[PDB]
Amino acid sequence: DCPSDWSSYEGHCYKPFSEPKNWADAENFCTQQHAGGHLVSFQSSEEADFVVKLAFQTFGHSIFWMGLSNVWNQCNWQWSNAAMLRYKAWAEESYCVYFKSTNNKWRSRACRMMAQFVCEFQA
């Protein structure tokens, strides 16, 4: 059974937070909220639906960090003319994933930016 301030769903515990934090600070904060804590991860649509609803029910319309970071840094970025990728001029260094509390769609945001978030751990 989850802590009084958390919500239970299929054997896991979830809790949304309103403190604006960047991705890294949010993830770190989650590890400190309970043993095995992390930013929420969606292993299925059912789980995602539960979390989105919880977030909206608690704080209304806002954006919430999910547990995915540096999502394109390992991708195979290549120049169409096959030129070697040496020089770099990225406007943003890293992107992270979040959801807007009105639906369960995955969205991207620079990891350095702020957002609310949802923590999760296995009960």
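Under this definition, the rigid core comprises the largest set of C-alpha atoms superposing within 1.5 Å between the forms. Counting begins at 1, following the sequence as shown.
Engineer: Kindly name the stretch, out of 81 to 89 and 34 to 42, whose CA atoms are displaced more from this form in 5 other deposited structures of this protein after the core superposition?
Structural biologist: If we average over structures and residues in 5 other deposited structures of this protein, the farther stretch is 81 to 89.
Engineer: Comparing 14 to 22 with 95 to 103, where is the mean C-alpha B-factor higher?
Structural biologist: It is 14 to 22.
Engineer: Using only C-alpha atoms and the B-factors in the entry, which stretch averages higher, 45 to 53 or 63 to 71?
Structural biologist: So the stretch with the higher mean C-alpha B-factor is 45 to 53.
Engineer: Sorting the chain's CA B-factors, does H38 end up in the lowest, middle or highest third?
Structural biologist: It falls in the bottom third of the chain.
Engineer: Name the third of the chain's ranked CA B-factors that contains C111, choosing lowest, middle or highest.
Structural biologist: As the PDB entry reports it, the C-alpha B-factor of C111 lands in the lowest third of its chain.
Engineer: Lowest, middle or highest third: where is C30 by C-alpha B factor in its chain?
Structural biologist: Its C-alpha B-factor, which the entry lists for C30, ranks in the lowest third among residues of this chain.
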